[PDB]
Amino acid sequence: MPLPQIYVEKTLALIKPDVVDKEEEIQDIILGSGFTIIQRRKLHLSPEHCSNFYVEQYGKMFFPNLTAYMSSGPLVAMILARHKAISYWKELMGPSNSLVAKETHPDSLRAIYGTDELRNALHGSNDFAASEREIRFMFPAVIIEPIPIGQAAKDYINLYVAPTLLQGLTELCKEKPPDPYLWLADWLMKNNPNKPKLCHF
Amino acid sequence: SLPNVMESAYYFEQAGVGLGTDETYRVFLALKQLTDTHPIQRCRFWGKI
Amino acid sequence: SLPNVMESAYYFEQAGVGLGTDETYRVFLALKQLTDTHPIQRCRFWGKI
Amino acid sequence: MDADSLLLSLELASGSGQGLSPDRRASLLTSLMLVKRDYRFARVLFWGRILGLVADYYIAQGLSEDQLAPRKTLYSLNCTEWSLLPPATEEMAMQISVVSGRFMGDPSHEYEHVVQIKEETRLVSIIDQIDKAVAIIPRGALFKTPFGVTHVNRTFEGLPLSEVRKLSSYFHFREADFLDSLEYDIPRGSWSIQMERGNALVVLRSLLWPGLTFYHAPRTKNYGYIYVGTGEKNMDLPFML
Amino acid sequence: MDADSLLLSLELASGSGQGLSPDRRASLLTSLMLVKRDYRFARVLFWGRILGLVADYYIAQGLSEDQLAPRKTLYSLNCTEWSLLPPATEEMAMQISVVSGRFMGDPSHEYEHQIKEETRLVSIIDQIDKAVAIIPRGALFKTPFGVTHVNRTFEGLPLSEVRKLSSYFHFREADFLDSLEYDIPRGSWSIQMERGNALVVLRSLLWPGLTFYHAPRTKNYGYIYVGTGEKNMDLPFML
């Protein structure tokens, strides 16, 4: 945002399981246009993993056929960085409904590599917050700008982590075991609010 | 019913000519599979295009 | 007189034994110098140690 | 083909099938070590052999530390004794526009233009044309300094498997990214990209100057090229393309 | 040695001369491509050959992402059917010490000194890998994650420190490995060079039959053992 910092935005490029075998030609298109490859993941999207990835669309719209479609084959996910990456990715990608996009935007990716709505050619993020959510769900521990400096991260810890940290540090004082990293790690893996209790046999 | 491709391949290399040893041996193995598949009286290596 | 030690070297690599093609040719050239230097009837490659 | 990795390069296994005898191979290791000795070269590459009509024209090039100068190429007949060729220019290479065909044997053969045209000057100017038009460099092998001195990349990996098939991942080894890409080619499609032994080898066979062979594997460090052919330009190429 | 050195036919050019055949060169190329396919190894190396009496043993090894991990070695007789050898323990290492005799072949062979032939093969393989396996300086980089990776910016060994002998390590658990100057006895390595300074040849003398090629200017290295299958304790009498 300011002068001595910069904003390199990110977007997610999804390669649908019908077109994953033709990946080199579309890779030539997306690399030659100006988009850069950050990291490519060859992932098998589970039916029980696609719903948590698509709580934004599938959670309110009834469409289980696309959920079965994402589990029909491999899925390639990539992170892109470009000057105006969202706008140029929407311009090169074009609008959805590839039966109409074969006639309206004949140079788009969905006009060549796509067949219909549910058997789509690709999938791209629309908003920056949606891009952040998509990247944070699919990809491992990478850093997405902006870093929420100041009171933004303190509120995140104080309403997401620090109640559990206060309850952990309350029981960690009485009694005092030696090497308390064991006790803190066992308390966090045991008294987890977001994860259930585990009992091995 | 094959001819001896290997001495011919040894004589290939003295002219600076041919597939070396590995690629011409895979050629000779494909020739062996072709001779085992079809009733061929003489199955010699014509060459490469 | 030099024996046919290069085709014997191809027989060596067919058996898997040998110094390589260029090293056996190099030994053949050294045997050619040995035959040209001394009045030798038979000068064959005994081997190397 | 580098002089230190002549036996470490798949020459006959490249698919062109125009390689060397053990006689010619051992002669190249000893003689290229000799021309690395008496001619002060940073590295010496075996350029290739011209087949000729009555004798073979073995050609090797040597390079200085500047890595982009015109090459001090060398020639041999019996592949053992090598001597320097004169440097080439455009006016001298213009002189053989009235003659065509293969060239044979000794450099003292006079060609009819009547100005007598030597075999040696035709040979070195044809070497200059094959160097200028074809015998590409791979991507990442030549990185750029701020000065005019170019160094060979010691950290060259340098071609992923997704960029093997592309035309744009090969540049022309010629002083002019760094160099002119292979998509600036006339005609479109004058290079044969071919997959041998799976991903363990690729050949960029030139069709404007056959039988030039470009030598991979990926994950390597060879990074080599070799021209063995009839010697004249394939002007027939857009008809067969 | 990797399959790349199997392409260049570098076993004969090392000078040991027991070597390999284009039969076995093409067979190891296709079959080690299969071994890299079925078992998810990072790198697959043709380990070498164990000399037989009725059949010839062909040995290859596979490695994980950690380069110092216990390898899953494999054996084959007809050079296509690769089968996974079990890992070796010390109990099988001191078991085969009472059997002195040549490697025969036909892996269900039984020794009366019972003791299976496959156990002898596996314990002999672990003995050679623990003793005379060779890694040059800077070939392996100790990552701070705890694993060992191949150093991909490995410039080859210069000619000054080829002959020290302090520039070659072992391919097992211990410049973070143990050098060759502490090997027992001293002078148990045949230090040699090929034509020119193009290849450095190291031959083990505690196990007669392993050869280590090394090109001093490129990233070419690897050990192949083709030989008797015996540890000679006669080596102090030889020197």
# chains A, B, ... in the order shown; residues from 1 in each chain; ligands from 1
>>> interface_residues(of="chain D", to="chain C", cutoff="8 Å", atoms="only C-alpha atoms", output="number ranges by chain")
D: 22-23, 25-26
>>> interface_residues(of="chain E", to="chain D", cutoff="7 Å", atoms="only C-alpha atoms", output="list in words")
residues 8, 153 and 198 of chain E
>>> closest_atom_pairs(of="chain A", to="chain D", cutoff="12 Å", atoms="only C-alpha atoms", output="JSON lines")
{"residue": "A:22", "atom": "CA", "partner": "D:162", "partner_atom": "CA", "distance": 11.8}
{"residue": "A:23", "atom": "CA", "partner": "D:162", "partner_atom": "CA", "distance": 9.4}
{"residue": "A:24", "atom": "CA", "partner": "D:162", "partner_atom": "CA", "distance": 6.5}
{"residue": "A:25", "atom": "CA", "partner": "D:162", "partner_atom": "CA", "distance": 9.4}
{"residue": "A:26", "atom": "CA", "partner": "D:162", "partner_atom": "CA", "distance": 11.1}
{"residue": "A:27", "atom": "CA", "partner": "D:162", "partner_atom": "CA", "distance": 8.3}
{"residue": "A:28", "atom": "CA", "partner": "D:166", "partner_atom": "CA", "distance": 8.4}
{"residue": "A:29", "atom": "CA", "partner": "D:166", "partner_atom": "CA", "distance": 11.6}
{"residue": "A:31", "atom": "CA", "partner": "D:163", "partner_atom": "CA", "distance": 10.6}
{"residue": "A:32", "atom": "CA", "partner": "D:168", "partner_atom": "CA", "distance": 10.0}
>>> write_last_selection(atoms="N, CA, C and O atoms", output="tab-separated table (two decimals), in the first residue's frame")
chain	number	residue	atom	x	y	z
A	22	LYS	N	-4.08	-32.25	-20.57
A	22	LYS	CA	-3.63	-31.27	-21.55
A	22	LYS	C	-2.91	-30.10	-20.88
A	22	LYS	O	-3.00	-28.97	-21.36
A	23	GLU	N	-2.18	-30.37	-19.79
A	23	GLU	CA	-1.75	-29.32	-18.88
A	23	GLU	C	-0.61	-28.48	-19.44
A	23	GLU	O	-0.45	-27.31	-19.06
A	24	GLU	N	0.17	-29.03	-20.38
A	24	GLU	CA	1.37	-28.34	-20.86
A	24	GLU	C	1.02	-27.17	-21.78
A	24	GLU	O	1.67	-26.12	-21.72
A	25	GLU	N	-0.01	-27.33	-22.62
A	25	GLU	CA	-0.39	-26.26	-23.54
A	25	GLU	C	-1.01	-25.08	-22.80
A	25	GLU	O	-0.66	-23.92	-23.07
A	26	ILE	N	-1.91	-25.35	-21.85
A	26	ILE	CA	-2.51	-24.27	-21.08
A	26	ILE	C	-1.46	-23.66	-20.14
A	26	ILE	O	-1.48	-22.44	-19.92
A	27	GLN	N	-0.49	-24.46	-19.68
A	27	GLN	CA	0.65	-23.93	-18.93
A	27	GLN	C	1.50	-22.98	-19.77
A	27	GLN	O	1.97	-21.95	-19.26
A	28	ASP	N	1.69	-23.30	-21.06
A	28	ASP	CA	2.34	-22.38	-21.99
A	28	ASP	C	1.56	-21.08	-22.14
A	28	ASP	O	2.15	-20.00	-22.21
A	29	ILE	N	0.22	-21.17	-22.19
A	29	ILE	CA	-0.62	-19.97	-22.29
A	29	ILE	C	-0.49	-19.09	-21.04
A	29	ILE	O	-0.34	-17.87	-21.15
A	31	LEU	N	1.86	-19.06	-18.65
A	31	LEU	CA	3.21	-18.54	-18.45
A	31	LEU	C	3.57	-17.49	-19.50
A	31	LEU	O	4.26	-16.51	-19.18
A	32	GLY	N	3.13	-17.66	-20.74
A	32	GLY	CA	3.44	-16.70	-21.78
A	32	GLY	C	2.67	-15.40	-21.67
A	32	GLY	O	3.13	-14.38	-22.20
>>> calpha_fit_and_write(fixed="chain C", moving="chain B", output="compact mmCIF listing (two decimals) with C-alpha atoms, in the first residue's frame")
# COMPACT_ATOMS: atom_id res chain seq x y z
CA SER B 1 51.21 -60.06 -37.47
CA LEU B 2 48.62 -59.09 -34.86
CA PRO B 3 45.35 -60.96 -34.38
CA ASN B 4 42.12 -59.02 -34.77
CA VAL B 5 41.77 -57.45 -31.33
CA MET B 6 38.56 -55.58 -32.27
CA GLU B 7 36.25 -58.58 -32.80
CA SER B 8 37.69 -60.05 -29.60
CA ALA B 9 36.83 -56.75 -27.86
CA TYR B 10 33.30 -56.91 -29.27
CA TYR B 11 33.08 -60.44 -27.84
CA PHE B 12 34.49 -59.14 -24.53
CA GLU B 13 31.53 -56.83 -23.94
CA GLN B 14 28.82 -59.53 -24.22
CA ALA B 15 30.26 -61.10 -21.05
CA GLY B 16 30.22 -57.75 -19.24
CA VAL B 17 34.01 -57.91 -19.46
CA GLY B 18 36.84 -55.71 -20.64
CA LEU B 19 37.92 -52.18 -21.42
CA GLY B 20 35.02 -51.11 -23.64
CA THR B 21 36.26 -49.64 -26.91
CA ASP B 22 38.59 -46.68 -26.28
CA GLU B 23 40.95 -48.15 -23.68
CA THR B 24 41.23 -51.48 -25.51
CA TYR B 25 41.81 -49.59 -28.78
CA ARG B 26 44.69 -47.71 -27.13
CA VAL B 27 45.86 -51.17 -25.99
CA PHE B 28 45.62 -52.37 -29.62
CA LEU B 29 47.58 -49.31 -30.82
CA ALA B 30 50.29 -49.99 -28.22
CA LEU B 31 50.29 -53.59 -29.47
CA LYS B 32 50.77 -52.26 -33.01
CA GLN B 33 53.71 -50.11 -31.85
CA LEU B 34 55.20 -53.11 -30.02
CA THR B 35 54.83 -55.30 -33.12
CA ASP B 36 56.39 -52.58 -35.28
CA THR B 37 59.28 -52.22 -32.82
CA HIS B 38 60.18 -55.90 -32.27
CA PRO B 39 60.23 -58.82 -34.76
CA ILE B 40 57.21 -60.61 -33.26
CA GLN B 41 55.54 -63.57 -34.97
CA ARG B 42 52.43 -63.51 -32.75
CA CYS B 43 51.52 -60.51 -30.57
CA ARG B 44 48.15 -61.15 -28.92
CA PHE B 45 46.60 -59.37 -25.95
CA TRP B 46 47.23 -61.52 -22.88
CA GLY B 47 45.15 -59.29 -20.64
CA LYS B 48 45.30 -56.87 -17.74
CA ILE B 49 46.59 -57.01 -14.16
>>> interface_residues(of="chain E", to="chain C", cutoff="6 Å", atoms="only C-alpha atoms", output="PyMOL selection string")
chain E and resi 12-13+15+17-21
>>> select_by_dssp(residues="chain C", states="helix (DSSP H, G or I)", output="ChimeraX atom specification")
/C:5-15,21-37
>>> residues_around(residues="region 160-170 of chain E", least_positions_apart="2", cutoff="6 Å", atoms="only C-alpha atoms", output="number ranges by chain")
E: 133-137, 158, 172, 177-181
>>> write_last_selection(atoms="N, CA, C and O atoms", output="mmCIF file, in the first residue's frame")
data_model
loop_
_atom_site.group_PDB
_atom_site.id
_atom_site.type_symbol
_atom_site.label_atom_id
_atom_site.label_comp_id
_atom_site.auth_asym_id
_atom_site.auth_seq_id
_atom_site.Cartn_x
_atom_site.Cartn_y
_atom_site.Cartn_z
ATOM 1 N N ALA E 133 31.478 -48.143 0.975
ATOM 2 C CA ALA E 133 30.693 -47.173 0.213
ATOM 3 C C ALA E 133 31.350 -45.796 0.281
ATOM 4 O O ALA E 133 31.944 -45.431 1.299
ATOM 5 N N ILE E 134 31.250 -45.029 -0.807
ATOM 6 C CA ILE E 134 32.081 -43.843 -0.995
ATOM 7 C C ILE E 134 31.207 -42.664 -1.422
ATOM 8 O O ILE E 134 30.378 -42.797 -2.329
ATOM 9 N N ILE E 135 31.379 -41.525 -0.749
ATOM 10 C CA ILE E 135 30.786 -40.246 -1.147
ATOM 11 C C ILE E 135 31.890 -39.191 -1.152
ATOM 12 O O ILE E 135 32.625 -39.071 -0.164
ATOM 13 N N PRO E 136 32.062 -38.418 -2.222
ATOM 14 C CA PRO E 136 33.117 -37.395 -2.252
ATOM 15 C C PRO E 136 32.732 -36.161 -1.435
ATOM 16 O O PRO E 136 31.631 -36.056 -0.899
ATOM 17 N N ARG E 137 33.678 -35.223 -1.343
ATOM 18 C CA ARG E 137 33.466 -33.975 -0.613
ATOM 19 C C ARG E 137 32.447 -33.097 -1.324
ATOM 20 O O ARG E 137 32.565 -32.842 -2.526
ATOM 21 N N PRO E 158 38.589 -30.794 -7.134
ATOM 22 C CA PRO E 158 39.785 -30.320 -7.838
ATOM 23 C C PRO E 158 40.944 -31.296 -7.700
ATOM 24 O O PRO E 158 40.976 -32.159 -6.819
ATOM 25 N N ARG E 172 26.938 -43.705 4.661
ATOM 26 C CA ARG E 172 26.198 -44.229 5.802
ATOM 27 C C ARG E 172 26.209 -43.175 6.904
ATOM 28 O O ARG E 172 26.644 -42.038 6.698
ATOM 29 N N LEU E 177 30.660 -36.263 7.527
ATOM 30 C CA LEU E 177 30.818 -37.707 7.606
ATOM 31 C C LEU E 177 32.278 -38.057 7.883
ATOM 32 O O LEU E 177 33.157 -37.192 7.911
ATOM 33 N N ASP E 178 32.530 -39.347 8.092
ATOM 34 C CA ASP E 178 33.869 -39.836 8.390
ATOM 35 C C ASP E 178 34.678 -40.010 7.109
ATOM 36 O O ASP E 178 34.170 -40.519 6.105
ATOM 37 N N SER E 179 35.936 -39.583 7.149
ATOM 38 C CA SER E 179 36.773 -39.564 5.963
ATOM 39 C C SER E 179 37.420 -40.926 5.727
ATOM 40 O O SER E 179 37.257 -41.873 6.502
ATOM 41 N N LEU E 180 38.169 -41.015 4.625
ATOM 42 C CA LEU E 180 38.859 -42.244 4.255
ATOM 43 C C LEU E 180 40.197 -42.424 4.956
ATOM 44 O O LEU E 180 40.763 -43.520 4.895
ATOM 45 N N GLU E 181 40.715 -41.389 5.617
ATOM 46 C CA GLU E 181 42.015 -41.485 6.268
ATOM 47 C C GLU E 181 41.968 -42.251 7.582
ATOM 48 O O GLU E 181 43.029 -42.560 8.137
#
>>> select_by_dssp(residues="region 48-110 of chain E", states="strand (DSSP E)", output="list in words")
residues 48, 49, 50, 57, 58, 59, 60, 61, 62, 63, 72, 73, 74, 75, 76, 83, 84 and 110 of chain E
>>> residues_around(residues="residue 64 (chain E)", least_positions_apart="4", cutoff="10 Å", atoms="only C-alpha atoms", output="list in words")
residues 39, 40, 41, 42, 43, 44, 68, 69, 70, 71, 72, 148 and 149 of chain E
>>> write_last_selection(atoms="N, CA and C atoms", output="PDB file, in the first residue's frame")
ATOM      1  N   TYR E  39       8.240 -48.763  -6.542  1.00  0.00           N
ATOM      2  CA  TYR E  39       8.649 -48.238  -5.248  1.00  0.00           C
ATOM      3  C   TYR E  39       9.031 -46.777  -5.421  1.00  0.00           C
ATOM      4  N   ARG E  40       8.468 -45.914  -4.576  1.00  0.00           N
ATOM      5  CA  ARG E  40       8.639 -44.470  -4.722  1.00  0.00           C
ATOM      6  C   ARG E  40       9.956 -44.034  -4.077  1.00  0.00           C
ATOM      7  N   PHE E  41      11.044 -44.375  -4.759  1.00  0.00           N
ATOM      8  CA  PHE E  41      12.373 -43.938  -4.369  1.00  0.00           C
ATOM      9  C   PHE E  41      12.682 -42.587  -5.003  1.00  0.00           C
ATOM     10  N   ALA E  42      13.473 -41.784  -4.291  1.00  0.00           N
ATOM     11  CA  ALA E  42      13.966 -40.538  -4.867  1.00  0.00           C
ATOM     12  C   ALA E  42      14.987 -40.815  -5.963  1.00  0.00           C
ATOM     13  N   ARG E  43      15.935 -41.708  -5.693  1.00  0.00           N
ATOM     14  CA  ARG E  43      16.939 -42.117  -6.660  1.00  0.00           C
ATOM     15  C   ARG E  43      17.156 -43.619  -6.543  1.00  0.00           C
ATOM     16  N   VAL E  44      17.349 -44.271  -7.686  1.00  0.00           N
ATOM     17  CA  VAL E  44      17.600 -45.707  -7.745  1.00  0.00           C
ATOM     18  C   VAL E  44      18.958 -45.915  -8.400  1.00  0.00           C
ATOM     19  N   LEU E  68      20.827 -40.502   3.855  1.00  0.00           N
ATOM     20  CA  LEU E  68      21.486 -41.394   4.796  1.00  0.00           C
ATOM     21  C   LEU E  68      20.518 -42.379   5.436  1.00  0.00           C
ATOM     22  N   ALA E  69      19.323 -42.530   4.869  1.00  0.00           N
ATOM     23  CA  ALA E  69      18.339 -43.470   5.374  1.00  0.00           C
ATOM     24  C   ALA E  69      18.779 -44.907   5.092  1.00  0.00           C
ATOM     25  N   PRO E  70      18.292 -45.873   5.880  1.00  0.00           N
ATOM     26  CA  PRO E  70      18.507 -47.290   5.536  1.00  0.00           C
ATOM     27  C   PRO E  70      17.850 -47.648   4.211  1.00  0.00           C
ATOM     28  N   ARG E  71      18.673 -48.109   3.274  1.00  0.00           N
ATOM     29  CA  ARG E  71      18.234 -48.346   1.908  1.00  0.00           C
ATOM     30  C   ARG E  71      17.410 -49.620   1.813  1.00  0.00           C
ATOM     31  N   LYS E  72      16.522 -49.661   0.825  1.00  0.00           N
ATOM     32  CA  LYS E  72      15.767 -50.869   0.505  1.00  0.00           C
ATOM     33  C   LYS E  72      16.433 -51.511  -0.703  1.00  0.00           C
ATOM     34  N   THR E 148      19.354 -35.591   4.804  1.00  0.00           N
ATOM     35  CA  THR E 148      20.466 -35.353   3.897  1.00  0.00           C
ATOM     36  C   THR E 148      19.941 -35.330   2.468  1.00  0.00           C
ATOM     37  N   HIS E 149      20.347 -34.322   1.706  1.00  0.00           N
ATOM     38  CA  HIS E 149      19.936 -34.154   0.321  1.00  0.00           C
ATOM     39  C   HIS E 149      21.163 -34.134  -0.579  1.00  0.00           C
TER      40      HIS E 149
END
>>> atom_distance(atom1="CA of residue 118 (chain E)", atom2="CA of residue 93 (chain E)")
12.2 Å
>>> residues_around(residues="residue 116 (chain A)", least_positions_apart="5", cutoff="7 Å", atoms="only C-alpha atoms", output="number ranges by chain")
A: 97-99
>>> residues_around(residues="region 155-168 of chain A", least_positions_apart="3", cutoff="8 Å", atoms="only C-alpha atoms", output="PyMOL selection string")
chain A and resi 151-152+171-172+184+187-188+192-193
>>> decode(residues="region 165-198 of chain A", atoms="N, CA and C atoms", output="mmCIF file, in the first residue's frame")
data_model
loop_
_atom_site.group_PDB
_atom_site.id
_atom_site.type_symbol
_atom_site.label_atom_id
_atom_site.label_comp_id
_atom_site.auth_asym_id
_atom_site.auth_seq_id
_atom_site.Cartn_x
_atom_site.Cartn_y
_atom_site.Cartn_z
ATOM 1 N N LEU A 165 -5.320 -20.133 25.360
ATOM 2 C CA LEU A 165 -4.002 -19.961 25.961
ATOM 3 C C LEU A 165 -4.091 -19.555 27.427
ATOM 4 N N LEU A 166 -5.087 -18.739 27.795
ATOM 5 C CA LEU A 166 -5.287 -18.392 29.202
ATOM 6 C C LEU A 166 -5.720 -19.604 30.018
ATOM 7 N N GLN A 167 -6.613 -20.430 29.462
ATOM 8 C CA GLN A 167 -7.024 -21.649 30.155
ATOM 9 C C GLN A 167 -5.896 -22.674 30.220
ATOM 10 N N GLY A 168 -5.004 -22.682 29.228
ATOM 11 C CA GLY A 168 -3.845 -23.556 29.292
ATOM 12 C C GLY A 168 -2.823 -23.103 30.317
ATOM 13 N N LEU A 169 -2.529 -21.800 30.345
ATOM 14 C CA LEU A 169 -1.544 -21.269 31.279
ATOM 15 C C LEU A 169 -2.069 -21.208 32.707
ATOM 16 N N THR A 170 -3.391 -21.240 32.896
ATOM 17 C CA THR A 170 -3.941 -21.309 34.246
ATOM 18 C C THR A 170 -3.666 -22.663 34.887
ATOM 19 N N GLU A 171 -3.880 -23.749 34.142
ATOM 20 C CA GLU A 171 -3.615 -25.083 34.664
ATOM 21 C C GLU A 171 -2.137 -25.444 34.627
ATOM 22 N N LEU A 172 -1.334 -24.727 33.840
ATOM 23 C CA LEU A 172 0.095 -24.995 33.765
ATOM 24 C C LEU A 172 0.843 -24.482 34.992
ATOM 25 N N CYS A 173 0.286 -23.498 35.700
ATOM 26 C CA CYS A 173 0.934 -22.988 36.903
ATOM 27 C C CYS A 173 0.814 -23.948 38.082
ATOM 28 N N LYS A 174 -0.327 -24.619 38.233
ATOM 29 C CA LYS A 174 -0.563 -25.542 39.341
ATOM 30 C C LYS A 174 -0.848 -26.926 38.770
ATOM 31 N N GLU A 175 0.089 -27.860 38.940
ATOM 32 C CA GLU A 175 1.404 -27.726 39.565
ATOM 33 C C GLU A 175 2.429 -27.320 38.517
ATOM 34 N N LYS A 176 3.713 -27.375 38.871
ATOM 35 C CA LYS A 176 4.781 -26.966 37.963
ATOM 36 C C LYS A 176 5.612 -28.174 37.553
ATOM 37 N N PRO A 177 5.378 -28.755 36.380
ATOM 38 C CA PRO A 177 6.228 -29.851 35.913
ATOM 39 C C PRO A 177 7.510 -29.315 35.302
ATOM 40 N N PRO A 178 8.605 -30.073 35.361
ATOM 41 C CA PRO A 178 9.815 -29.656 34.648
ATOM 42 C C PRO A 178 9.639 -29.827 33.151
ATOM 43 N N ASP A 179 10.313 -28.939 32.392
ATOM 44 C CA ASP A 179 10.208 -28.762 30.944
ATOM 45 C C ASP A 179 8.747 -28.560 30.549
ATOM 46 N N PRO A 180 8.183 -27.365 30.745
ATOM 47 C CA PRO A 180 6.736 -27.173 30.574
ATOM 48 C C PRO A 180 6.258 -27.130 29.129
ATOM 49 N N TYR A 181 7.162 -27.269 28.152
ATOM 50 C CA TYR A 181 6.752 -27.368 26.755
ATOM 51 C C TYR A 181 5.963 -28.646 26.497
ATOM 52 N N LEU A 182 6.301 -29.732 27.210
ATOM 53 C CA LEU A 182 5.526 -30.971 27.144
ATOM 54 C C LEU A 182 4.102 -30.753 27.626
ATOM 55 N N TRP A 183 3.956 -30.057 28.756
ATOM 56 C CA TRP A 183 2.648 -29.838 29.359
ATOM 57 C C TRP A 183 1.802 -28.901 28.509
ATOM 58 N N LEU A 184 2.426 -27.864 27.935
ATOM 59 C CA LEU A 184 1.690 -26.946 27.070
ATOM 60 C C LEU A 184 1.272 -27.620 25.766
ATOM 61 N N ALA A 185 2.161 -28.426 25.164
ATOM 62 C CA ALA A 185 1.819 -29.123 23.925
ATOM 63 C C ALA A 185 0.751 -30.189 24.150
ATOM 64 N N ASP A 186 0.837 -30.926 25.263
ATOM 65 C CA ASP A 186 -0.175 -31.926 25.581
ATOM 66 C C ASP A 186 -1.508 -31.283 25.946
ATOM 67 N N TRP A 187 -1.481 -30.101 26.572
ATOM 68 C CA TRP A 187 -2.717 -29.382 26.862
ATOM 69 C C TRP A 187 -3.369 -28.864 25.587
ATOM 70 N N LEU A 188 -2.567 -28.352 24.647
ATOM 71 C CA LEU A 188 -3.133 -27.835 23.405
ATOM 72 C C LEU A 188 -3.645 -28.952 22.503
ATOM 73 N N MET A 189 -2.961 -30.100 22.468
ATOM 74 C CA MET A 189 -3.479 -31.218 21.685
ATOM 75 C C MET A 189 -4.599 -31.954 22.411
ATOM 76 N N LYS A 190 -4.720 -31.772 23.726
ATOM 77 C CA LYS A 190 -5.765 -32.445 24.493
ATOM 78 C C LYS A 190 -6.996 -31.560 24.667
ATOM 79 N N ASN A 191 -6.823 -30.387 25.276
ATOM 80 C CA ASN A 191 -7.937 -29.464 25.511
ATOM 81 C C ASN A 191 -8.041 -28.476 24.348
ATOM 82 N N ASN A 192 -8.367 -29.026 23.186
ATOM 83 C CA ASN A 192 -8.540 -28.274 21.948
ATOM 84 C C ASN A 192 -10.002 -27.880 21.780
ATOM 85 N N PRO A 193 -10.313 -26.600 21.570
ATOM 86 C CA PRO A 193 -11.712 -26.216 21.340
ATOM 87 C C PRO A 193 -12.188 -26.547 19.933
ATOM 88 N N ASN A 194 -11.279 -26.502 18.956
ATOM 89 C CA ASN A 194 -11.622 -26.767 17.566
ATOM 90 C C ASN A 194 -11.369 -28.208 17.144
ATOM 91 N N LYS A 195 -10.743 -29.019 17.995
ATOM 92 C CA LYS A 195 -10.491 -30.415 17.684
ATOM 93 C C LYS A 195 -11.027 -31.291 18.807
ATOM 94 N N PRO A 196 -11.659 -32.414 18.481
ATOM 95 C CA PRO A 196 -12.251 -33.262 19.519
ATOM 96 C C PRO A 196 -11.198 -34.070 20.266
ATOM 97 N N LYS A 197 -11.645 -34.680 21.360
ATOM 98 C CA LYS A 197 -10.765 -35.497 22.186
ATOM 99 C C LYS A 197 -10.437 -36.811 21.488
ATOM 100 N N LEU A 198 -9.196 -37.257 21.649
ATOM 101 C CA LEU A 198 -8.711 -38.487 21.042
ATOM 102 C C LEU A 198 -8.321 -39.483 22.125
#
